[PDB]
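1. need a structure here:
(one chain, ligands or ions: 2)
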Amino acid sequence: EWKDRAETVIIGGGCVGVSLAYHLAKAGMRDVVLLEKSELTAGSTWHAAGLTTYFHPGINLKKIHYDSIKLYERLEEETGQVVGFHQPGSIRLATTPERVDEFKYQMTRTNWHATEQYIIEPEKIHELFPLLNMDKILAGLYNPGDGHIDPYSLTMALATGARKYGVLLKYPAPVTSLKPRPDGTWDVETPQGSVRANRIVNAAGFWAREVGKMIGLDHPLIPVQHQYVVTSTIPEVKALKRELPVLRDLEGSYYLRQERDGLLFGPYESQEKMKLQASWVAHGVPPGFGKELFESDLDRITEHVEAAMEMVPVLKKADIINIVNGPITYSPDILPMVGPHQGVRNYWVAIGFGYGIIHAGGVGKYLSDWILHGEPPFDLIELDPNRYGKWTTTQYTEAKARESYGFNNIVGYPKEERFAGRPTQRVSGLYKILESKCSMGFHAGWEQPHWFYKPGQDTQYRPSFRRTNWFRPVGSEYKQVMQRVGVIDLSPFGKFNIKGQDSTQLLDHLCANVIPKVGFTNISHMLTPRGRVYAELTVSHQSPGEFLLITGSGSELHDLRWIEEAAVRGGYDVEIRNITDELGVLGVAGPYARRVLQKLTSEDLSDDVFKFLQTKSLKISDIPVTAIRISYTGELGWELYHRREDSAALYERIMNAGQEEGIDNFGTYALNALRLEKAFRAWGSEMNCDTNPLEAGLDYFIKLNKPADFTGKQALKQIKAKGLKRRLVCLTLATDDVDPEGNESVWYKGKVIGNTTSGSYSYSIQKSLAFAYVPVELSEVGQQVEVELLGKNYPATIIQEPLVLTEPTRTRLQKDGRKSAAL
Ligand SMILES: *Cc1cc2c(cc1C)nc1c(=O)[nH]c(=O)nc-1n2C[C@H](O)[C@H](O)[C@H](O)COP(=O)(O)OP(=O)(O)OC[C@H]1O[C@@H](n2cnc3c(N)ncnc32)[C@H](O)[C@@H]1O
Ligand SMILES: Nc1nc2c(c(=O)[nH]1)N[C@@H](CNc1ccc(C(=O)N[C@@H](CCC(=O)O)C(=O)O)cc1)CN2
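-> Numbering: from 1, shown residues only. Ligands and ions are numbered 1, 2, ... in the order given. For reference, the structure is listed below:
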């Protein structure tokens, strides 16, 4: 049976594609067609070791893991197929004090999630895994009720479920070409016939890049090699009544599990030693590859084999049955690309899975929800397909994938920095000027200063779970901005120009704030139909009907995609241009900001003439700039929008003009300190698709009664009338040597009641500041709670925000006070 017309065509029949097909149809979508080149599981899926753990070091990916595991538990009763899901639990091993710290870090990040997770003692570990060498074990990170699954049986079960709900799965039926239509639908060609599809989804494993090239896209993926070793029966293992838990020996860099009555273990060897398929990127995947392995290579993993033999002694006497060497499809940062793709209509991807077996279930549900409802069910911008860009070259991808492979089990510190592939091409002249003067941070391809070196203080990367070498420098930079004037490179912003006949009306319906009048700027949010915060933008009305929109580097294409889809879906006639890479931006902030800049322009920068949030085009020392009086520091300041080629010159002229004022640099770490004191929310931390703007405390920017029927308007009215269950608040807390950064558990009377979203040290009050979600009944100023940082609870107090009033507020207070006193 062939369907010539489909609602959705899924390309690829690995666990990921089949999971998506199952979910879409289970949720009621008719005419789902999956096309598979040869047979189900023919890519990476069939050879996988099948490890499926509740553990993830991130945040919302925990939900993907959780959803997969709960699904895999249900599949047998649903389909009649046994999936071979072994659930003995999983233990990550710590042998160093720093790894014990990593576990404590991970615990505070996990106690506000449903994920059941514990730090356990050597005694408990030996009881669970009695064939373990306890020599050097200090602790374990334990998730009960997870383990490993048969990837073949799992896929078959999902296929059976899919067919039950009406999915047509066709194989062999390789997609050979894909052509878009003007109405946004698709023509799909296979040797078995063609399909007209309303949408297409790429889930083609290590052919994902070949599939994307069919529609003119270059997906940044590369197949890496990975090996596990399987042993024959081991008498001691056979003799066990209970199945052994899955282990990860982190110091040894391998995982290990029971396989029948023997053992299976997989190393992640070093960057220098690991192999990857650069030839497949250069020349394509070889035709006829399929259900196939690479030649085994025991030699390159020797160190980890020897490590395993000392850690689990019985491996010394065991024989090797098999060594499985097979391809895994990696993206640069190890995480998949999951979602709708910018720049092409109705094309979705689920590609680049480093851990597809654990992810397939949860991602299938997530992506099904997004397709069916028009918004992500929860925030997973860390998987966004369009976090990558033109800077993500094949060279970059190869180096970064090699790094992500080798770093599989290194200690994960906060404020982690990785250096492979850097710097990319995404830099101005300012990079060369500043690079030796500061610690450059990586953000969506850009190099952005985090903090600036001080003479006689350590300039090295020194990652830590506690305060480290940038602590004093950051305080210096805070003082610089508060007392004098600082310059910061803000060039990484996403930047879009919107004009054309319907520009105002498009923005008016996308955005929850009013649209600013010509010559003015405001802060405005793009909400989802359910009233979630998809984006926070700064909107500048530069000339009649022509706007500049500014967003964070991490949200550039995520936000552009949403805008472009709304425009075409709504029949709006506009011109949208992504000028992100055309422009640099310098922030000049602090009480001397006006004095310095006034020396360089005929434009009147006085308080009464150049008002807060005005935007004007002018010249700074003959360099054309668009200047907005605004600053995320909350001090007096202008953001100076200019051509990238002029960045180095503009910076030089400002720094020379500010010498008398003691002008100096500041970076993003100090910026975070400053914005937190002002209680400024950050998209991605305080709000995202998980939050409505009312619980986030963004109501000042929300105009529920503006005429335009903006997206999310009705949902938000309902939310407001019903009343909030939680609220974002600001906490202060004394600590000894560690500051909150967000994602930490908040406790009250022995129970977890919320979480921090961001944090800093406040140098002005000499204690820590954090934003946090807490129940509304526990959200009053003066309320006491506790924040869990590295295995210790610190008393915290809700404060009246902001800690420090902004410059415009202070200026208004003085102006009003003088007027009143003059009576
Ligand atoms: C190699 C490996 C991988 C692995 C592992 C151990 C080894 C040695 N252990 C794992 C583990 O313990 N836990 C885990 O979660 N993952 C583990 N993996 C990784 C796993 O194998 C992969 O992440 C996963 O299999 C990826 O699945 P996905 O569905 O994304 O991709 P696929 O299985 O490669 O399937 C792609 C399908 O697409 C078909 N195809 C290709 N081209 C076309 C066209 N043109 N038209 C239609 N279909 C197409 C392929 O035939 C394939 O079936
Ligand atoms: N250009 C500009 N655009 C941006 C950012 C920026 O850094 N500058 N940063 C991103 C972060 N969001 C905000 C949020 C608040 C403020 C801010 O400045 N708040 C004033 C708003 C003034 C008002 O409207 O009353 C306040 O007092 O709350 C600035 C950027 C988004 N776009």
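
2. please count neighbours and contacts with C-alpha atoms only from this point.
-> Fine.

3. domain-wise, how is this protein divided?
-> 1-86+146-220+332-415, 87-145+221-331, 416-492+580-690, 493-579+691-723, 724-800 (curated CATH domains).

4. work out the gap between the fourth one and the centre of the chain.
-> If I follow you right, that is domain 493-579+691-723. 22 Å (C-alpha atoms, centre = their mean, to the nearest Å).

5. repeat that for the last one.
-> Chain-centre distance of domain 724-800: 23 Å, with C-alpha atoms, centre = their mean.

6. in the stretch 701-823 of the chain, which residue sits nearest ligand 1?
-> Closest contact between the stretch 701-823 of the chain and ligand 1, by C-alpha to the nearest ligand atom, is at residue 743 (24.7 Å).

7. SS state for that residue?
-> Following DSSP: H, G, I helix; E, B strand; the rest coil, residue 743 is assigned to coil.

8. ok, it - contacts?
-> Taking C-alpha atoms under 8 Å, 6 or more residues apart in numbering as the contact definition, residue 743 lies against 59, 108-109, 755-758.

9. what do you get for residue 142?
-> With the criterion set at C-alpha under 8 Å, 6+ apart, residue 142 makes contact with 89-92, 117-120.

10. mind checking which of those land in strands?
-> 90-92, 118-120 (DSSP state E).

11. and which of these is nearest to ligand 1?
-> residue 90 (12.2 Å).

12. residue 608 versus the closest one, what's the distance?
-> 64 Å (C-alpha to C-alpha, to the nearest Å).

13. how about residue 271?
-> Counting by C-alpha to C-alpha - residue 271 and residue 608 are separated by 59 Å.

14. comparing those two, which residue is more hemmed in?
-> Counted by other C-alpha atoms under 10 Å, residue 271 and residue 608 do not tie: residue 271 has more neighbours, with 16 against 8.

15. tell me the SS of that one?
-> Residue 271 ends up coil, using three-state DSSP.

16. residue contacts, it?
-> 402-403, 405-407.

17. quick one on the thing from earlier: out of the domains of the chain, nearest to residue 809?
-> domain 416-492+580-690 (9.4 Å; C-alpha to C-alpha).

18. and the closest one, how far apart are its ends?
-> First-to-last residue span, domain 416-492+580-690, C-alpha to C-alpha: 25 Å.

19. picking up where we left off before, I'd like to know which of the domains of the chain lies nearest to residue 807.
-> Of the domains of the chain, nearest to residue 807 by C-alpha to C-alpha is domain 416-492+580-690, at 4.9 Å.

20. returning to what we had before: buried ones from the ones in strands among the contacts of residue 142, can you make that a PyMOL selection?
-> To isolate the buried ones among the ones in strands among the contacts of residue 142 in PyMOL, judged by 16 or more other C-alpha atoms under 10 Å, type:
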select buried, resi 90+91+92+118+119
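
21. between the ones in strands among the contacts of residue 142, which is closest to ligand 2?
-> Nearest to ligand 2 among these, with distances taken as C-alpha to the nearest ligand atom, is residue 118, at 36.4 Å.

22. host element of the closest residue to that closest one other than its chain neighbours?
-> Distances taken as C-alpha to C-alpha, 6 or more residues apart in numbering place residue 142 nearest to residue 118, at 5.1 Å, with adjacent residues excluded. Element membership of residue 142 [criterion: DSSP states H and E] is strand 139-143.

23. who are the packing partners of the next helix-or-strand element following that strand?
-> Following strand 139-143 in sequence order, the next helix or strand is strand 147-148 (DSSP H and E). Identification of packing neighbours for strand 147-148 by 3 or more C-alpha pairs under 8 Å, 6 or more residues apart in numbering; DSSP states H and E yields strand 51-52.

24. related to what we said a few turns ago, dump the domains of the chain into JSON lines; add distance to residue 806 as well.
-> Output for those, formatted as JSON lines (distance: least, C-alpha to C-alpha, whole Å):
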{"stretch": "domain 1-86+146-220+332-415", "distance to residue 806": "27"}
{"stretch": "domain 87-145+221-331", "distance to residue 806": "32"}
{"stretch": "domain 416-492+580-690", "distance to residue 806": "5"}
{"stretch": "domain 493-579+691-723", "distance to residue 806": "15"}
{"stretch": "domain 724-800", "distance to residue 806": "14"}
